[PDB]
Every structure is written in C-alpha cells, then in structure tokens.
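Inspection log for the structure reproduced underneath, given as structure tokens.
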Amino acid sequence: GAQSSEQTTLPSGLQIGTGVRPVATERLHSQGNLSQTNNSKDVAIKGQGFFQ
Amino acid sequence: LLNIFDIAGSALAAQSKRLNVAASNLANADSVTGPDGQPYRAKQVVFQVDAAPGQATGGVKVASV
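Protein chains in written order, with this note's numbering: chain A, 39 to 90; chain B, 222 to 286.
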C-alpha cells in the first residue's frame with residue numbers, strides 16, 4: 039500500500055516465492071599442482087590450453 | 222419475543238460474541254501491527270445483567286466490548 043509517512047507503518051504487501059532450482063555448475067579453471075611421474079611421454083601444462 | 226425466549230436468546234448472542242472475541246484473540250496473537258500501525262490490543266467482552274427495569278434479573282447483555 040501507500041506509506042503516508044504520517045505514522046511509522048509497516049510496508050506490508052505479500053509475496054511468497056518458491057523454489058531453489060540449480061542454475062549452474064561452474065568449472066573452477068585454476069592451474070593445478072604438478073606431480074612428477076618420470077615418464078617420458080607424459081606432459082603437463084603451465085597456463086591455459088587444452089590438448090585436442 | 223417471548224420472555225424466556227428473550228432471556229435464552231440474549232444468552233446465545235452474548236456467548237457467541239464472547240466466542241468471536243476469543244477467536245479473534247487466539248488468531249491475532251503474534252500480530253506485529255494493526256492497519257494504521259499500532260499494537261493489536263487483546264479484546265474482551267463485558268457481560269451485564271439485562272432488563273434494567275424490573276426483577277433485577279433476566280437475560281445477559283454484552284454491551285461495550
């Protein structure tokens with residue numbers, strides 16, 4: 039309703055709302071640590087980029 | 222309205238008004254505000270013996286909530 043400002047009054051309306059649907063599943067793309075495997079054919083990446 | 226019918230009907234009306242006030246109280250417990258914005262003051266009814274002229278008894282009136 040209308041707040042007259044004559045009295046301190048509560049702004050009472052009514053809206054209920056619903057639900058908490060999941061909106062996204064973000065992928066936190068940070069540089070992981072490195073682990074030495076001593077294998078010659080194995081390789082890791084510093085910085086961004088993906089093997090195709 | 223027949224006399225004893227008047228007595229008992231007044232009783233019915235008074236008890237009904239008492240119950241309505243009690244229902245309003247029980248429903249408006251935990252009510253932050255009124256319309257203009259003021260506490261909801263709990264309400265009670267006042268019972269008085271009816272038939273001011275004659276016999277000093279007979280019926281109940283619930284004037285002045």
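All residues carry an ideal CB built from backbone N, CA and C; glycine is no exception.
Residue from the options whose Cα sits closest to the Cα of residue i
i: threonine 47 (chain A); options: B:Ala273, B:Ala272, B:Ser237, B:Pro256; result: B:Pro256
i: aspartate 251 (chain B); options: B:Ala263, B:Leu240, B:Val242, B:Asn241; result: B:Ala263
i: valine 267 (chain B); options: B:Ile225, B:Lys238, B:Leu233, B:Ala229; result: B:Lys238
i: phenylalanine 88 (chain A); options: A:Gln45, A:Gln69, A:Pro49; result: A:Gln69
i: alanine 232 (chain B); options: B:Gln269, B:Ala273, B:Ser285; result: B:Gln269
i: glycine 51 (chain A); options: A:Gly39, A:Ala62, A:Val58; result: A:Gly39
Cβ-Cβ distance between residue i and residue j below 7 Å
i: residue 187 (chain B); j: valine 283 (chain B); result: Because chain B here runs from 222 to 286, residue 187 (chain B) falls outside it and cannot be looked at.
i: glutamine 45 (chain A); j: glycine 275 (chain B); result: no
Residues near residue i in its chain [Cβ-Cβ closer than 8 Å; skip 5 each side]
i: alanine 82 (chain A); result: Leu72
i: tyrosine 261 (chain B); result: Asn249, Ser252, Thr254, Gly255
i: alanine 234 (chain B); result: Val283
i: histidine 67 (chain A); result: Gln86
Sequence-distant residues of its chain with Cβ nearer than 6 Å to residue i (five each side left out)
i: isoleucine 228 (chain B); result: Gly279, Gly280
Chain E within 7 Å of residue i, Cβ atoms only
i: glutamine 53 (chain A); result: In summary, chain E is missing from the structure at hand, where the protein chains are A and B.
Residues near residue i in its chain [Cβ-Cβ closer than 7 Å; skip 5 each side]
i: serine 285 (chain B); result: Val267
i: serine 245 (chain B); result: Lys264
request  = Taking a Cβ distance cut-off of 7 Å, strictly less, list which residues of the segment 247-270 of chain B are near chain A, in chain order.
outcome  = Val253, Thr254, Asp257, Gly258
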